[PDB]
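Chain and residue survey
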Amino acid sequence: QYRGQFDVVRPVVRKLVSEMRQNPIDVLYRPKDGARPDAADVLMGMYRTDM
Amino acid sequence: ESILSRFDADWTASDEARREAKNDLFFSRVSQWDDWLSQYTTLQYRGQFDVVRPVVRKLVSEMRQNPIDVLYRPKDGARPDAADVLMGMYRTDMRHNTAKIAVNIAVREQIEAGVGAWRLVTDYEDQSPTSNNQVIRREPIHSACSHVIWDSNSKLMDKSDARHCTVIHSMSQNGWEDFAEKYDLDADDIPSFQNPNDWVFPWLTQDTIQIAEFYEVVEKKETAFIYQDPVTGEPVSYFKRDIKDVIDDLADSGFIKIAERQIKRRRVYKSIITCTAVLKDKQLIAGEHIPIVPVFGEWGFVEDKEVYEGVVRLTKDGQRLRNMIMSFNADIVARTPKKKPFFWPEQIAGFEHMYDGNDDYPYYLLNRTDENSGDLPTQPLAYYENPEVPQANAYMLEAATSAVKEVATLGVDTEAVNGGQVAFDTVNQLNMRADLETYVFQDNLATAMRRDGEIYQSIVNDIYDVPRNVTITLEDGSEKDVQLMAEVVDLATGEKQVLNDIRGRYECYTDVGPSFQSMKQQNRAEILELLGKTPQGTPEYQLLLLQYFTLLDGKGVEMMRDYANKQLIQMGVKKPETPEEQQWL
């Protein structure tokens, strides 16, 4: 008994997950040419609230 | 069968929590002081240690301020000025400062331990009852240790409509009068649970009376979008529907309903898993919902239960060896014979005192003789002490300290971004700017600044029947456009109470990601990236005026309040939200 407490494996784990933390990638929808949302109107307004 | 219910999982105290509650205690009581749990044959005169406090204290100070919030973003395509003064709560948000930071006492909720305890009071409150200007935020309580154990869900982040457990205030004689808004029951309630002491009765300070409190049983809302044709004709309708696929609508195939079918079970006699007694039931707190935000869900799972794990235990795995060496080197101060003067005198008991501490020179103390033995240069040189070079732990104790170095590698700090962003940021940020979705969980009465056409004004539409021509405004002489004006005025509007999710009254949403502050800080954000943002030019001089002014209309600097009055069409810089003033030459 008493081998349980030694721990210390963490430096590998806690480092990695730390430096990959922020991946915000804020970009919006480079428009498609397939349809023509010219008359869409309030439709695209809903996608302002896609936030 | 109302004796048990949830109690199927609640009888376990001496079974389940024996290890769990004791380890939750054990983590926060390892964070300071001493341990005395797993030891055998232990000796005293220790226990003040408090070794780990600072290295944990870095975290709360790093994350103590990262507000991440935005204000004043009105939403509409119509005339905006209706938003200026019409709700004073959020312009008045902070009269709360002293206890704004009181989440210090709530630091028990996350790192030092789990289990945040935050519970608000009765919604609609005492002083001058009416709705606006109520300052309550972030008020923690005593201790998180023996707090809460239940088996339900432990997944959903938000508590949805109304769920946390049942409020409990335990080991608190301050709670007796906490509800003193009660009507007075003699201060005896006493369910029987939760025994901190147990087997051995010779105890100092405790009492038998206990308190735990409950409100409603699991109110779930159903809608189901059902039309009911008389086909099978079974009673007890027993219909629960969600997805619309086949059924659709029966309207012109028969009767037309256009009504509301509510099934609300009326007064089921199950009371708080109680057998022989009834006390609490049928209460209204304003309208009732949950601003309450204690005991959030967590990370890591095994069984149906709420459990986590900690961090700094990697350090004081070596302190047991400190308390170890305190045994070995304390044995020299006592056990060791301590520097023998008397070795060479071998004669046991001599005369009265040869060394009493006298200052006189002669001590005598020489005789030796032996008969038929034989000998050689016998020397005292042996004595006892030969401890060996106790540097053995050197790089091992530097390994225990460097184990604190390894956690000191967290989120290396240099400048600006690329800092210590960590999971604990997400762990305390889960509350996540919940004010403007919290404030209205119900609507009843006593707000009505303008709504529903005031419930009277709505007929101002049709008032006068005068037969002849309808004429718009004209030039009548001196006084004209000063406000409080009535000529053609009308109203189409309407409103009522509650309707918890409603838009067209639409207000607010969450804004913009990172540490970015909204004072209009987009103007001066600047040093984040240095040069190139503020050029000039011959025409741009005019354009240089409009985008920049100091923030939140502090009267220390006025400008565009009285500086927007007129101008001229040469520039064309005018329009703010433009509530009223339009003035001809």
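Residues numbered from 1 in each chain as written, not as in the entry; some residues may be left out. Chains lettered and ligands numbered in written order. Part of a larger assembly, values for the part shown. Heavy atoms only, no water. Residues with missing side-chain atoms left out of burial classes, pairs and counts.

When you go through chain B residue by residue, the secondary structure sums to 10 helices and 0 strands. Ordering the α and β elements of chain B from the N terminus gives α-α-α-α-α-α-α-α-α-α. Computed over C-alpha atoms, the radius of gyration of chain B comes to 39 Å, more than 25% over the 25 Å expected from 2.2 N^0.38 for 585 residues, which places it beyond the range of a compact globule. In terms of its C-alpha atoms, chain B occupies a principal-axis envelope of roughly 155 × 85 × 50 Å. Put simply, of all contacts in chain B between residues at least 6 apart along the chain, 68% involve residues at least 24 apart. (Helix = DSSP H or I, 4+ residues; strand = E, 2+ residues; numbered from the N terminus. Rg over C-alpha atoms; globule rule 2.2 N^0.38 Å. Contact = heavy atoms within 4.5 Å.)

Here we take up the overall build of chain A. When you go through chain A residue by residue, the secondary structure sums to 2 helices and 0 strands. Its C-alpha atoms give chain A a radius of gyration of 24 Å, more than 25% over the compact-globule value 10 Å for 51 residues. With the principal axes as the frame, chain A shows a C-alpha extent of 75 × 20 × 15 Å. Residue burial in chain A is summarised as follows: out of 51 residues, 4% are buried. Of the roughly 5,400 Å² of accessible surface on chain A, 61% is carried by carbon and sulfur atoms. (Buried < 20%, exposed > 50% of the residue type's maximum accessible area, 1.4 Å probe, protein only. Areas by Shrake-Rupley, 256 points an atom, 1.4 Å probe, with all protein chains shown as cover.)

Here we come to the interface of chain B and chain A. Often, the extent of an interface is quoted as the loss of accessible area upon association of its parts. Listed per partner, the contact involves 19 residues of chain B and 13 residues of chain A. When chain B packs against chain A, close to 1,400 Å² is buried across both sides, 51% of that on carbon and sulfur atoms. Its largest share of buried area at the contact with chain A, chain B owes to B:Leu314, B:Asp317 and B:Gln421, together 35% of the area lost on that side. Put simply, chain B and chain A have 1 salt bridge between them. A:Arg21 is the salt-bridge partner of B:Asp425, the closest N and O atoms lying 3.9 Å from each other. Our count for the chain B to chain A interface comes out at 4 residue pairs in polar contact. Only α3 (313-316) and α7 (423-428) of chain B provide two or more residues apiece to the side of chain B that touches chain A. If you tally residues by element for the side of chain B that touches chain A, the top one is α7(B), at 3 residues. Along the lines of polarity and charge, the residues of the side of chain B that touches chain A split into 8 nonpolar, 4 polar and 7 charged. (Buried area = accessible area lost by both parts, 1.4 Å probe. Salt bridge = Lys/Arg side-chain N within 4 Å of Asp/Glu carboxyl O. Polar contact = N/O pair within 3.5 Å; in protein donor to acceptor, adjacent residues only side chain to side chain. Nonpolar A, V, L, I, M, F, W, Y, C, P; charged D, E, K, R; others polar.)

So, about a negative patch on the surface. Residue and element names in this part refer to chain B. Where like charges cluster on the molecular surface, the negative patch consists of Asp84, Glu558, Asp562, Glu577, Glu580 and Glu581. Turning to its location among the elements, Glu577 is positioned in the segment after α10 (560-563). By relative accessible area, which is 36% here, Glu577 ends up partly exposed. (Patch = residues over 30% accessible without salt bridge, like charges linked within 9 Å, V, L, I, M, F, W, Y side chains within 5 Å. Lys, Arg positive; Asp, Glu negative; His and termini not counted. Charge placed at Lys NZ, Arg CZ, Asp CG, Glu CD.)

Residues and elements named next belong to chain B. Counting across every chain of the model gives 6 aromatic pairs over all chains. Taken together, a centroid distance of 5.7 Å and an interplanar angle of 35° make the contact between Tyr355 and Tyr363 tilted. When the ring centre of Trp150 is taken as origin, the NZ or CZ atom of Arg6, which lies over that ring, is 4.1 Å away. (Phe/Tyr/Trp six-rings, centres within 6.5 Å; stacked < 30°, edge-to-face > 60°. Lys NZ or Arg CZ within 6 Å of the ring centre and 35° of its normal.)

For A:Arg48, the position within the fold is in helix α2 (residues 42-48). Given a relative accessible area of 63%, A:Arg48 falls into the exposed group.

Let's shift gears to a nonpolar patch on the surface. Together, B:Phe342, B:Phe351, B:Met354, B:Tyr355, B:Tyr363 and B:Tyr364 line one region of the surface with nonpolar side chains, adding up to about 780 Å² of accessible area. Structurally, B:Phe342 can be placed in the loop between α5 (330-334) and α6 (394-407).

Attention now goes to the pattern of salt bridges. Residues and elements named next belong to chain B. Scanning the entire structure with this criterion turns up 17 salt bridges over all chains. With a shortest N-O distance of 4.0 Å, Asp511 and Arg433 are connected by a salt bridge. Taken together, the positions of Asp511 in the loop between α8 (435-438) and α9 (540-543) and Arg433 in the loop between α7 and α8 put the pair 78 residues apart, joining distant regions of the chain. Overall, the relative accessible area of 23% leaves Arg433 in the partly exposed class. Taken together, the shared-partner salt bridges in this structure form one network comprising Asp69, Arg73, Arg433 and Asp511.

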